[PDB]
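There are 2 protein chains.
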Amino acid sequence: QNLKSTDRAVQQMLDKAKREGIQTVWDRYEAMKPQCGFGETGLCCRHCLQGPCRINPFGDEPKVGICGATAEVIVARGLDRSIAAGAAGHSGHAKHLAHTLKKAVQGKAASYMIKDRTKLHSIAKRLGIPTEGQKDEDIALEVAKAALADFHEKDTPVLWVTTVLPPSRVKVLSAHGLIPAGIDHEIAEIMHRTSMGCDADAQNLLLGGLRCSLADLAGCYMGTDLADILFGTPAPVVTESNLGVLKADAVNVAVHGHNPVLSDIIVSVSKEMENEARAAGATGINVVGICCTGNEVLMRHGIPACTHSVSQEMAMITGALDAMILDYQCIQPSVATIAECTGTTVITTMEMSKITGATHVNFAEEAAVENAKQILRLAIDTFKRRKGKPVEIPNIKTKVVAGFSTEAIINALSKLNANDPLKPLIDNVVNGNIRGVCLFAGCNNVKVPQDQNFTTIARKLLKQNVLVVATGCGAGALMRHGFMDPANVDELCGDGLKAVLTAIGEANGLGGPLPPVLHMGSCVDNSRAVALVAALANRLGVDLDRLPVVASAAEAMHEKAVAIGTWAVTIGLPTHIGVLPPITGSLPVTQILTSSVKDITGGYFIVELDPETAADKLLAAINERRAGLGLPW
Amino acid sequence: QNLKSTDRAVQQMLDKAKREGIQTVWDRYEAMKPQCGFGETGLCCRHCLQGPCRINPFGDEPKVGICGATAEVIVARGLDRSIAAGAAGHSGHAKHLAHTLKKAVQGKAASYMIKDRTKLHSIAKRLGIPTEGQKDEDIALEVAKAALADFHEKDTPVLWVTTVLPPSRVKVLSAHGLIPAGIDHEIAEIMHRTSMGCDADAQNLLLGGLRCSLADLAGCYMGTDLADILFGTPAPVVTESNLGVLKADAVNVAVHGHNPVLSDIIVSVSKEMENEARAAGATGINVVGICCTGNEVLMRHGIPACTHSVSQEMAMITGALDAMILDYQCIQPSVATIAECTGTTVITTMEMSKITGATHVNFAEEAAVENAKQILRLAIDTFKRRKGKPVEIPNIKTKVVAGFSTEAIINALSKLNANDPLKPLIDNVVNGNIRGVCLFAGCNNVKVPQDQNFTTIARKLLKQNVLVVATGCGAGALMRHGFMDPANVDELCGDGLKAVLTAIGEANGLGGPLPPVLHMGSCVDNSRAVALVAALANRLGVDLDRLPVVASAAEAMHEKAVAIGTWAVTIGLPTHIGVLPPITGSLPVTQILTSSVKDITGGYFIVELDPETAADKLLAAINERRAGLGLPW
Ligand code: SF4
Ligand code: SF4
Ligand code: FES
Ligand code: FES
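Written out as structure tokens, the structure reads:
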């Protein structure tokens, strides 16, 4: 099973699924082989009813689409629609939070409130909204109105792009016409220009894709900002991860999907319902996380992470998962079918994300506590139904220190330099104790043995003194293999990095180091890494494409991860992707995305499926940035 | 060549392309055979990097996508993205016109103006915008602001849906949650819900698709409304169609694409440049139309139509096409390559629609006359380069009476009943002289011998006394085969229909009938057919799903035609599609779209590739509506 996942708890559940005859994502992948080589290379188009069209990567006809679309047009149009789909997911998420904040401060959703007033005021000031002598509710109404205004054209560009990057980077982007006019405006313009008989020039298409990726960045940054206002900015927390966080004698409830508007309420209301659970024979309600909504409640409340991404079905295979509470994105719809076998109650809550065979309980923010109570009573009823049933929870878990928002990182560094917190970090980049920074982001993918690329690349970078930060299911992979436990610093980190993590943790009163990898949150919280990187660029007086900072979507899957990788390149970063994207059928498009975009934005993709080689390429990219700053490497 | 096109001028140019070795759309189709059966049936998904996934229509594995997506989820998600892409094209078009109207009345684009003040005031009143004592420019600013507001969420739904359909139809739609919240909002929500791990219930997905099709209807109706304000509402005109409208001794300039913001200015400025053309040795500038922008200037100015849709390359093959002036949509990018062989100057003008190898001349409304002059001087230079070169213009053309806006149809009928213009039409539906109404819409498609389904179905319906209206390249097909020449009424029309067309034409002073088919304009001007049908439903006090009115996208191609067919079903019409849509891989989705949607909206798709059978099915749908009104049939 180690060919499927490197996680030992997942391996144990794969054995259980096998002997019980429950089909998994790895079995559905095996049944799909061999996969179509036209789609793998990007050489397929279904954008009109004269299709499907394809182009042979090599050989004879077909060489061109029926309307005359070339390989480079077809590959660029498909990539652009992927970017637009990812932007559409993050900005649906962000819009959901904007409408929740508006409702809250208008007295229409009493379950929600302004928790981080300090963040509210800093965002308002960044946006140019006056705060002095204003009521908090009025300030918040204006921030929610500004959030919703960024979805359409208006007399300013998207402010969650132009106010969050340094002016020099905004100027580079503006010079190439890449600043978005409105988030949903760009998504629609992508779908237009990629439709039949429209844009048919690869460079023009890809410039439109870079602009739409910045609409995705705006939706990510907006979602972090609004979730911090409503639910609190994360601070360091300790918890646990992997399937051993499930408890046979508890009501086990996973929150899965993305939006904390739902997850955060499940967590607080589950606390009020402890006695009701105990009357049912349980010890209480054990809320556990899956995917990004799990990261959101891990970061803010220390809720333990059960599993992530490709292995999500395995939590159900234990037999102890009483409920799986869903909103949207990254939920394998197989869960509705596996539930019939495992007894889990799978519950959907959003009108635009239903799964045939799952129970639907409408969740309205205006009725959030009552709707949560209804959902959790379903969970309790399910617990009661499995009294006396054996379960198989692998007794496997790791310790996880997390909660490293950019505010938390700056506060930690301020213990070493109160009025110039970024300087101790920059000092140690200059003296070589920190070689550079790498952000691990994005999904697992069934084509890659689960977590193998994240852990292989992270181990090599940590030994080379790279400061490693992580989000999403990249953070999930690293946490489940011990990379967020400070007890593993001696084993994993080079001496320079160890000295730095130790000096910071000791200054913060822990009698020990920060963990080997800093968890910066969910996938929208890739925006927190942008805030940190932009702050370092501003402090140094250089643009982001001069910093020794890289990114790695080492096991990418979702269209959201394609959008995030593309805005990482657009803001100036060398960005690794560890799975094959559907671009190899066009050498001109590949050369744009891996080489000539450097002359436009300073960033570039690094496509490399072998993780040791990928680590070497990421180190060479870091070191080339060090050399360009005049630093040893 | 008659297996490729039923148009004799196209056949002649196919012979020329063959002996000159110029590859055409029919040759690129032959080189694509056999096409992929997964894509033909809809059983392919590339929505994440674990793909491509496919499902065998029949047999053994694969049976399900890797994430667990079923055939019915995969088929519904692909259809929904098609609908969203079509909506994105029509609402880009409509947004372009809204920004042009705003610029005009703000003094920022003097080449444009309020031409139809009567239309401006009626639209304002429909929208609830006060006009009394207001300046026209202020009224127009408010209508342009209302147009742009319909792209995003606000405190009202999309008004270019809710104010253009009767209240009883809006109520049906609202009860099913199908009224759009904002045009670009719905496009983004489609791209979100169809991304991996989101909506996975076929009925839920398709309900979202119906709602997004009404966002497409809003963009079509908005584009007709704003183009009529700026350029005038069409009235009856006489002109000609087919390749014989090209003139060897003139500068031949085709306008191709969609938006009259560009086409209409080319037409008026070409008039001022007659002397400059003559100094170059030409008789003048001969502007001719291709596709919908050609329909726009045919309807308003009587500009002759050269060709349409699938045969667009053939205008270039004559050797006499000096320039092809493009904005966006439905332009085969092959034209840039064929230009190298034929000498034509292909010119793009919009930033989001470029074609490698074509000349780009930015067109800005603020500089429209100068930008047009630059473009037309390129055309004149090209004319000069082909002095002494033989050309081969087939001497084949038809007479075309067109310009039947809904206002023009009502005015014509008012000659028979001044204060109740719709009554003479309803009288003749009741007495059987008019059996019902059929709208032909949409494209040609290279899989169908060009025009064969339009002409075959139209002939059978006209003999059965159906009033036939047409738009887009359906109107193009019918005009090129003589169906818009009143000299062909005796041959084509049944006695009842002939009596009606004759009584109306004689009352309008023509000493003869209206033509056999009424040209209602471009593809956005399918909205004019909605206005007529809604007016008849209001006059009769019934909803649209009780009227003997059907639609036929007999040779559909573009994602726009999929969106239009879907809103035709959503507003209550039996809607034929004459090509195979990628739905047959899911029987549950096919049964929803061809049968159970009747219980939701009263409309339904009729998929039928054999045009005689399709005509019989359309007549049976008309007659079933007659029976439901208590009428003989
Ligand atoms: S848009 Fe062009 S390449 Fe794509 S399916 Fe249609 S004819 Fe084929
Ligand atoms: S979304 Fe599901 S069906 Fe589609 S490519 Fe990804 S794994 Fe396959
Ligand atoms: S031919 Fe396989 S993805 Fe289209
Ligand atoms: S397998 Fe051919 S369209 Fe994907």
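Quick mapping for you: the protein sequence lines, in order, are chains A and A'. A prime marks a further copy of an entry chain.
Residue 456 in the deposited numbering sits at position 453 of the first sequence; the count goes up by one each step and never skips.
Residue 427 in the deposited numbering sits at position 424 of the second sequence; the count goes up by one each step and never skips.
Ideal Cβ positions, reconstructed from N, Cα and C, are used throughout, including at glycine.
Label residue i either buried or exposed according to how many other C-beta atoms from any shown protein chain fall within 10 Å of its C-beta, with 16 as the threshold for buried.
i	result
A:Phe608	buried
A':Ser177	exposed
A':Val372	exposed
A:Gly477	buried
A':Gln315	buried
A:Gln109	exposed
A:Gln453	buried
A':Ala367	exposed
A:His259	buried
A:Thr73	buried
Tell me whether residue i, by its Cβ, gets closer than 6 Å to a heavy atom of ligand 3.
i	result
A':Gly42	yes
A':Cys223	no
A:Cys39	yes
Is it the case that the CB of residue i approaches a heavy atom of ligand 4 more closely than 6 Å?
i	result
A':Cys47	yes
A':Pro55	yes
A':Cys51	no
Against residue i, what residues of chain A qualify as contacts under a CB-to-CB distance less than 9 Å, listed in chain order?
i	result
A':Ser94	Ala191, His195
A':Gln332	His195, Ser198, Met199, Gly200, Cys201
How about residue i: is its Cβ closer than 6 Å to a heavy atom in ligand 2?
i	result
A:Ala88	no
A:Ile586	no
A':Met194	no
A':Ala72	yes
Cβ-heavy atom distance between residue i and ligand 1 below 6 Å?
i	result
A':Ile190	no
A:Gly68	yes
A:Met199	yes
Give the interface partners of residue i over in chain A', defined as CB-CB distance under 7 Å, in chain order.
i	result
A:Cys56	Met35
A:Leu52	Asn448, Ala559, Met560, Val582, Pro584
A:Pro65	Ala34, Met35
A:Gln137	Under the 7 Å cutoff, chain A' gives no residues; its nearest Cβ is about 23 Å from A:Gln137.
A:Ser337	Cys70, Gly71
Just to make sure I have the definition right: I need the residues of chain A whose C-beta is within less than 8 Å of the C-beta of residue i. Which are they?
i	result
A':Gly62	Chain A residues near A':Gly62: none, gap ~12 Å exceeds 8 Å.
A':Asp187	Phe154, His155, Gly185, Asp187, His188, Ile190, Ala191
A':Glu43	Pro55
A':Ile69	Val28, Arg31, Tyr32, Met35, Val449
In chain A, what lies closer than 7 Å to residue i by C-beta?
i	result
A':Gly211	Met355
A':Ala87	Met194
Anything in chain A' within Cβ reach of residue i, meaning under 8 Å, just list it in chain order.
i	result
A:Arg49	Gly42, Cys47, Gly81, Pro585
A:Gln109	Within chain A', no residue comes near A:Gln109; the closest Cβ sits about 13 Å away, beyond 8 Å.
For residue i, go through chain A' and note every residue whose CB falls closer than 9 Å to its CB, in chain order.
i	result
A:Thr474	Going along chain A', no residue has its Cβ under 9 Å from A:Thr474, so there is no contact; the nearest lies around 17 Å.
request  = Give a yes or no on contact between the stretch 420 to 440 of chain A and the stretch 500 to 515 of chain A, applying the rule of three or more CB pairs nearer than 8 Å.
outcome  = yes
task: May I ask you to verify whether the stretch 530 to 541 of chain A' touches the stretch 217 to 224 of chain A', counting CB pairs closer than 8 Å and requiring at least 3?
output: yes
task = Please determine if the stretch 591 to 606 of chain A and the stretch 480 to 497 of chain A are in contact, where contact requires at least 3 C-beta pairs separated by less than 8 Å.
result = no
Entirely within the stretch 435 to 459 of chain A' and at least 4 residues each: give me those alpha helix (DSSP H) ranges in chain order. none
* Can at least three beta-carbon pairs, one atom from the stretch 188 to 195 of chain A' and one from the stretch 536 to 551 of chain A', be found at a separation below 8 Å? -> no
query: Of all the beta strand (DSSP E) runs that stay within the bounds of the stretch 562 to 613 of chain A, which reach a length of 3 or more residues?
result: 577 to 580, 607 to 610
Quick test of the definition: if touching needs 3 or more C-beta pairs under 8 Å, does the stretch 454 to 471 of chain A' touch the stretch 386 to 396 of chain A'?
no
Decide yes or no for the touch test of the stretch 52 to 66 of chain A against the stretch 157 to 170 of chain A: beta carbon pairs closer than 8 Å, at least 3 of them.
no
Tell me the start and end of each unbroken beta strand (DSSP E) in the stretch 230 to 315 of chain A that is at least 3 residues and wholly inside, in chain order. 240 to 244, 254 to 259, 288 to 293, 308 to 310
Discussion item. Assess contact between the stretch 455 to 464 of chain A and the stretch 319 to 328 of chain A, defined as three or more Cβ pairs (one per stretch) separated by less than 8 Å. Is contact present?
Written reply: no
| request: Please go through the stretch 113 to 141 of chain A' and give each complete alpha helix (DSSP H) segment of 4 or more residues, from N-terminal end onward. | output: 120 to 130
Runs of beta strand (DSSP E) lying entirely within the stretch 532 to 559 of chain A, each at least 3 residues, in chain order | 552 to 556
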